[PDB]
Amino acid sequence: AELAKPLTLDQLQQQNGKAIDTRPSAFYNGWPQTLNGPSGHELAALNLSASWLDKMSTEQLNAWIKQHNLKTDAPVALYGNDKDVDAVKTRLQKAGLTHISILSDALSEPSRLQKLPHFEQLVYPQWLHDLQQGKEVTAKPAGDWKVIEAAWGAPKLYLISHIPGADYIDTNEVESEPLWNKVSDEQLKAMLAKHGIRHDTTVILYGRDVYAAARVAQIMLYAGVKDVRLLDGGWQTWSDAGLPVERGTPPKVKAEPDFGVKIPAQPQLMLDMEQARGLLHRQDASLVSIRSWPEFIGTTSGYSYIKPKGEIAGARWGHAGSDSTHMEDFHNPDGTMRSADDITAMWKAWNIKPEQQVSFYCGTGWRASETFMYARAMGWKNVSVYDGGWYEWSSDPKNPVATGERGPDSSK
């Protein structure tokens, strides 16, 4: 039942133990719990939110313990809310950890905390709701702001319910046939004006799936929207918070004719095929496949309408999900972004590194847009999406293709 002795951070370090931040990831990432309050987690703290526990089976927890290298008798020091700390203690006890304490001086020295360099780009429901009601909040939009739901095709679930004051974007407004690449600068200019977006409008996007919203977001960043943000974990986090919803067709938007800069203002954020091919086989650059493992080895193309199978030869595997519509390797059990530390280590093992020119691709770019926005928020400075992805690559039977099981070395 009970906790071992309380440890300070210093003692925990001396004893080669680990700290476990048991708050929701939003706060682990950098969001203050009160205005002006401590921002981020203790050095090398892990994040195991108590709110995830009901969606972690016994084996998911065991896996997570192993994966963070918690040795069974090495000290673990927990911090956060009491109920949360206690829920995690119970679970870790049942999983067989033997030295569980509280981190006594947790969050007591703000100057030593670590944060997602741009945590403010991944918002959470309560922040968004506070902003809407006119409450002073951390990282407040500098000027106008808009909330937009992004999904494939005309409004459906949006008609049933959506975040109050949210506009709606059909992803067909930003990408189109033949390659499912983004539409033209000129079509983008009109799309932006129509939804009342200028270069200095803060745009907060969410979707029923994070990647639809991310796709829109990366495209707006390319175009020239300076401040584009995602709801971390998407719509489901809003629904689950039991916050207010509105209903019915999207209300009329007041057009903004003049964007205020020439589009595109950030063209380096999107690569074509030749540019993508240029990144291969380099220490200072990575072309990253955000495709499932069966796509990566050539069991399946991932899509009904893509006949060719295999992968871009020399693409480094950035992980993804179980299939072409899932992103488990980037998600906590509640659907929010896994920790920066974990993502950084997963990518590192494949020689994908923040000092490189790094471009993400997948089938047609949605999954890659998602990892792009994470990497942006992790503070990766040279990131982009290779729009065409496997669909464009495998159009040309001259492009080199890899199949078969292979590891990190095989993409030098």
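The numbering used is simple: start at 1 and walk along the sequence shown.
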Higher of the two mean Cα B-factors (108 to 116, 269 to 277; per PDB record) comes from 108 to 116
Quick note on 370 to 378 and 28 to 36: per-entry mean CA temperature factor is higher in 28 to 36
Residue set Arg316, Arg215, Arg291, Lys156, per-entry CA B-factor max assigned to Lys156
For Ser57, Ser359, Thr364, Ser49, the deposited C-alpha B-factor is largest at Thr364
On the chain's distribution of Cα B-factors, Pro75 falls within the third called middle
Chain-relative C-alpha B factor for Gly96 (record values, thirds): the highest
In terms of its chain's C-alpha B-factors, the third that includes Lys140 is the highest
Entry-reported C-alpha B-factor of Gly248 relative to its chain, by third, is highest
For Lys348, the third of its chain by CA B-factor is the lowest
